[PDB]
Amino acid sequence: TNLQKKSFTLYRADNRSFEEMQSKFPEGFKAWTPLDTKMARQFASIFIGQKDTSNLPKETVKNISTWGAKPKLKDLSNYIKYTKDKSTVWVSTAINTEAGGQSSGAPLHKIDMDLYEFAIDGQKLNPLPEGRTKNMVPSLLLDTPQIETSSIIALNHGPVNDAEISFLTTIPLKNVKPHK
């Protein structure tokens, strides 16, 4: 296996002005119900056998607890796949401008990061040098090799090139780059 940062170029389909992102959202992209760096690691920690989902939205923990005591990427992948509502907490992006879901020409934003591709096996965090996902095994994207040490956490699930990267963290305003 290889612990290596993969260069992810994600596209957030959501109407926002770039200067507005500079002014109104100087920290980063905010979801309807946004979560802090801490809450991100509190979220993803569940997959490796942690239940420190404190302060996280009741709607989110509702789903988290109903996955059982052994949640995997697939469980959250399902949650995110079937849920695009307000109480989502995540910022859904795509590794292409296709799966972004542009609401009538909704401006795409180029998120540019270098994230580790991980998978959960027996509640262990293992890197995925082989691919981006394996059918029922989505990838956990971390900026730092360990969940509780990472400031950027995202749940990536898709096909090979149509991967949907759902950030479980406020996307840093340093990683947002202009798009057409």
# chains A, B, ... in the order shown; residues from 1 in each chain; ligands from 1

$ residues_around --residues "residue 56 (chain A)" --least-positions-apart "5" --cutoff "10 Å" --atoms "only C-alpha atoms" --output "PyMOL selection string"
chain A and resi 33-36+38-40+42-43+61-62+89

$ residues_around --residues "residue 108 (chain A)" --least-positions-apart "2" --cutoff "9 Å" --atoms "only C-alpha atoms" --output "ChimeraX atom specification"
/A:11-16,97,100,102,105-106,110,178-180

$ closest_residue --among "A:151, A:25, A:17, A:112" --to "residue 177 (chain A)" --atoms "only C-alpha atoms"
A:112

$ closest_residue --among "A:166, A:93, A:45, A:37" --to "residue 152 (chain A)" --atoms "only C-alpha atoms"
A:37

$ closest_residue --among "A:132, A:174, A:109, A:72" --to "residue 6 (chain A)" --atoms "only C-alpha atoms"
A:132

$ residues_around --residues "residue 134 (chain A)" --least-positions-apart "2" --cutoff "10 Å" --atoms "only C-alpha atoms" --output "count of residues only"
13

$ residues_around --residues "residue 124 (chain A)" --least-positions-apart "3" --cutoff "12 Å" --atoms "only C-alpha atoms" --output "list in words"
residues 44, 45, 46, 47, 48, 49, 50, 70, 71, 72, 73, 118, 119, 120, 121, 127, 140, 146 and 147 of chain A

$ write_last_selection --atoms "C-alpha atoms" --output "tab-separated table (two decimals), in the first residue's frame"
chain	number	residue	atom	x	y	z
A	44	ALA	CA	-15.24	10.15	10.14
A	45	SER	CA	-13.85	8.69	13.38
A	46	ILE	CA	-16.93	6.43	13.50
A	47	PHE	CA	-15.52	4.19	10.78
A	48	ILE	CA	-12.50	3.23	12.87
A	49	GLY	CA	-14.54	2.59	15.99
A	50	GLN	CA	-15.14	5.99	17.53
A	70	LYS	CA	-19.68	-0.70	12.83
A	71	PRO	CA	-20.13	2.05	10.19
A	72	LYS	CA	-18.16	1.97	6.95
A	73	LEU	CA	-17.69	4.32	3.99
A	118	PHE	CA	-8.29	5.75	2.29
A	119	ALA	CA	-10.53	2.77	2.87
A	120	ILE	CA	-11.84	1.13	6.02
A	121	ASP	CA	-11.06	-2.54	6.57
A	127	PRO	CA	-4.76	3.77	1.86
A	140	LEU	CA	-12.25	8.38	2.69
A	146	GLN	CA	-5.03	10.04	10.28
A	147	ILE	CA	-8.65	11.12	10.80

$ atom_distance --atom1 "CA of residue 168 (chain A)" --atom2 "CA of residue 143 (chain A)"
12.0 Å
